[PDB]
Amino acid sequence: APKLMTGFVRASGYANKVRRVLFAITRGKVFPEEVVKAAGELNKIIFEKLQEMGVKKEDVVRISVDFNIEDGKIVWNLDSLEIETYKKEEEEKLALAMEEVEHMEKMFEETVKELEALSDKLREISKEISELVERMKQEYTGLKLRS
Amino acid sequence: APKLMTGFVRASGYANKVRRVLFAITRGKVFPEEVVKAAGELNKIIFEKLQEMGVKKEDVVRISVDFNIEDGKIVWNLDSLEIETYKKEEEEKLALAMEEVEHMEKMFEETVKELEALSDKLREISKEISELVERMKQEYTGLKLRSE
Amino acid sequence: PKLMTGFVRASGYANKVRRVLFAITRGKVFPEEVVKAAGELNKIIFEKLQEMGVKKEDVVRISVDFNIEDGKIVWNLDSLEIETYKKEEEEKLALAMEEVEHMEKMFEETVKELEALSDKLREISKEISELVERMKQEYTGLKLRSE
Amino acid sequence: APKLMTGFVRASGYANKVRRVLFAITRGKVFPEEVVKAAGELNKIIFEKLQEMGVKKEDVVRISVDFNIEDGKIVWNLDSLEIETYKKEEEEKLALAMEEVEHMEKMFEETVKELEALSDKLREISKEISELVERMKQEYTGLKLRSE
């Protein structure tokens, strides 16, 4: 029985961290659309639960839950889910450390956005090239076309 | 009334040349599907007129037809077609040129072949890379995804 | 100018310093100087860290001022200051940090994958440029790149 | 014995064609700089000779030369140099044909020019990407770097 776990994650972006782990865990087994929908459903549950524990933005949480993959759907036995909670005030040291993790992932996101912009510029060139190579075949040769 | 004319071309690769020229005079107005179809249709009509002339494959020929574009479609009155014939033995000098032409044009194809090989081999990476970026986005960021 | 690492497990403290050094200096110094300066201080730490008897599992905080001077990195060691946290004390913290390490190393594998592709690409590009030229030489009266 | 020959080529184009044929013939045997100098050297020699013959722009020529590769240089027996000329009024039919092959090859170049623009633009992204990858290595990982 496979198991999602987030480990120590600042509440601020617990939502992200479960999904991130969900993609990682189910890679290849399920379609991405399902991964988002599934994590979305759980994330909405752990939110209302987190409020019942009176959790603030700054606190650090922890998440364990079991799920099974069945004909390309992610189903979890919700009662196999457990949340641990850590008030910043109690574990001030850990709680800071977790803002540091957060900020260094926000920093990261800028880098990816850069990369995305390049890979985009590239598939663009790639298309324009491959497109043109054909346009030559047409006008300058008698080779087999793509028609 | 626009028109296609081929220019001096060896009988050997007459079929190719007419298709080459057609794309040219019709870029961005027609579709390749409609062009490749009409270029096969009109060159069959030439071929039956071509055996009718008794013209060999070492010879040289001039082709000029009128044509018209109708809602993306390609249409031509055939009694506008005009084929000139030039026997090898008569212009032994001319025919030798269209043979050297044809050879280098084929020699060119082999280079295009490698280019296509390169273009695709790239477009693979282009796609693998862009897809890896998504895979990163999903696993390592809170960024919006192709998926959502 | 001040590099600080914040909470990092003792094991990958080496990396963290350099990683951040690159970040802070980007553009201002050649990379060769970043590795040299980083390694120089990283040793100075390692030694000064053993004197305090720090295992690999413990967590640490490191702050040192430095100066960019005619393209070189100089730091006054006096400004350097190290906090040290025993796993025994912060069992909760030290886990979180180990958790980061695992994740950071999991990440390395993705990068390697990406490089693998960028390389395969640079190669393909170099070939295409190389071939495009060879076309110009054989089929055009165009100007070449050796005239 | 290696032997560069152009075949039928309009007077205007001779210059290129020989250089093109020299590259194609001596592939991987000599550095391009040598080829372009060598073609450069012969091409001026054949120009002088081409004026003596009184050849106009429109006429067609054929060229043959013997040459040998020595230590990475291209040397030719210049007395092996053999030219033929075909004034337009004599082969009026051939001259027009070689004119069309000229204008065609020029319509071609505008394409290679475009392709080149793309190849470059690409090479650039390759460089930018491949660099971005290194920056990630140094900033986000403890992997081995190009700087160790």
# chains A, B, ... in the order shown; residues from 1 in each chain; ligands from 1
>>> interface_residues(of="chain D", to="chain C", cutoff="6 Å", atoms="only C-alpha atoms", output="tab-separated table (two decimals) with C-alpha atoms, in the first residue's frame")
chain	number	residue	atom	x	y	z
D	16	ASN	CA	31.18	30.43	-58.28
D	20	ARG	CA	31.61	25.08	-55.59
D	33	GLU	CA	40.69	28.76	-46.52
D	109	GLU	CA	20.37	31.20	-52.14
D	119	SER	CA	20.72	27.74	-37.70
D	123	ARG	CA	23.07	27.81	-32.03
D	126	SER	CA	21.88	26.10	-27.49
D	130	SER	CA	23.80	25.00	-22.07
D	138	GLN	CA	26.80	25.78	-9.42
D	139	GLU	CA	23.85	27.45	-7.67
D	141	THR	CA	23.68	21.36	-6.71
D	142	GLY	CA	26.98	20.03	-5.47
D	147	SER	CA	35.41	25.11	-13.25
>>> residues_around(residues="residue A:62", least_positions_apart="3", cutoff="12 Å", atoms="only C-alpha atoms", output="PyMOL selection string")
(chain A and resi 4-11+13-15+17-18+46+50+55+59+65+81-87+98) or (chain C and resi 92+96)
>>> select_by_dssp(residues="stretch 1-146 of chain B", states="strand (DSSP E)", output="PyMOL selection string")
chain B and resi 3-5+9-10+60-66+68-70+73-75+82-86
>>> interface_residues(of="chain B", to="chain A", cutoff="10 Å", atoms="only C-alpha atoms", output="MDAnalysis selection string")
chainID B and resid 13 15:24 27 31:37 105:106 108:110 112:113 115:116 118:120 122:143 145:148
>>> interface_residues(of="chain D", to="chain B", cutoff="9 Å", atoms="only C-alpha atoms", output="list in words")
residues 7, 8, 9, 91, 93, 94, 95, 96, 97, 98, 100 and 101 of chain D
>>> closest_atom_pairs(of="chain C", to="chain A", cutoff="9 Å", atoms="only C-alpha atoms", output="Markdown table")
| residue | atom | partner | partner_atom | distance |
| --- | --- | --- | --- | --- |
| C:6 | CA | A:100 | CA | 7.5 |
| C:7 | CA | A:97 | CA | 6.0 |
| C:8 | CA | A:97 | CA | 8.8 |
| C:90 | CA | A:94 | CA | 8.4 |
| C:92 | CA | A:94 | CA | 7.2 |
| C:93 | CA | A:94 | CA | 5.1 |
| C:94 | CA | A:94 | CA | 8.7 |
| C:95 | CA | A:8 | CA | 8.4 |
| C:96 | CA | A:8 | CA | 5.8 |
| C:97 | CA | A:97 | CA | 8.6 |
| C:99 | CA | A:7 | CA | 7.3 |
| C:100 | CA | A:101 | CA | 8.3 |
>>> write_last_selection(atoms="N, CA and C atoms", output="mmCIF file, in the first residue's frame")
data_model
loop_
_atom_site.group_PDB
_atom_site.id
_atom_site.type_symbol
_atom_site.label_atom_id
_atom_site.label_comp_id
_atom_site.auth_asym_id
_atom_site.auth_seq_id
_atom_site.Cartn_x
_atom_site.Cartn_y
_atom_site.Cartn_z
ATOM 1 N N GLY C 6 22.547 30.091 6.627
ATOM 2 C CA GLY C 6 21.385 29.675 7.399
ATOM 3 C C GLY C 6 21.510 28.194 7.698
ATOM 4 N N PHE C 7 20.418 27.571 8.133
ATOM 5 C CA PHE C 7 20.440 26.162 8.533
ATOM 6 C C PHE C 7 20.765 25.201 7.404
ATOM 7 N N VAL C 8 21.857 24.467 7.562
ATOM 8 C CA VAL C 8 22.265 23.458 6.599
ATOM 9 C C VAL C 8 22.894 22.315 7.376
ATOM 10 N N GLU C 90 18.190 19.330 18.947
ATOM 11 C CA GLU C 90 17.124 19.559 17.995
ATOM 12 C C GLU C 90 16.961 18.356 17.089
ATOM 13 N N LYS C 92 14.215 17.338 15.984
ATOM 14 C CA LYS C 92 13.188 17.732 15.023
ATOM 15 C C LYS C 92 13.846 18.512 13.896
ATOM 16 N N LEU C 93 14.706 19.467 14.253
ATOM 17 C CA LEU C 93 15.415 20.271 13.258
ATOM 18 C C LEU C 93 16.283 19.399 12.357
ATOM 19 N N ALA C 94 17.194 18.649 12.970
ATOM 20 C CA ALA C 94 18.173 17.842 12.246
ATOM 21 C C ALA C 94 17.560 16.858 11.256
ATOM 22 N N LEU C 95 16.328 16.421 11.510
ATOM 23 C CA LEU C 95 15.600 15.574 10.564
ATOM 24 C C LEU C 95 15.245 16.392 9.336
ATOM 25 N N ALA C 96 14.585 17.524 9.566
ATOM 26 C CA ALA C 96 14.218 18.445 8.502
ATOM 27 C C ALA C 96 15.392 18.683 7.572
ATOM 28 N N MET C 97 16.572 18.861 8.149
ATOM 29 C CA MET C 97 17.769 19.141 7.373
ATOM 30 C C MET C 97 18.239 17.959 6.569
ATOM 31 N N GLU C 99 16.231 15.757 5.576
ATOM 32 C CA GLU C 99 15.137 15.723 4.608
ATOM 33 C C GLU C 99 15.440 16.601 3.393
ATOM 34 N N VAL C 100 16.037 17.763 3.648
ATOM 35 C CA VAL C 100 16.469 18.684 2.600
ATOM 36 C C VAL C 100 17.593 18.049 1.797
#
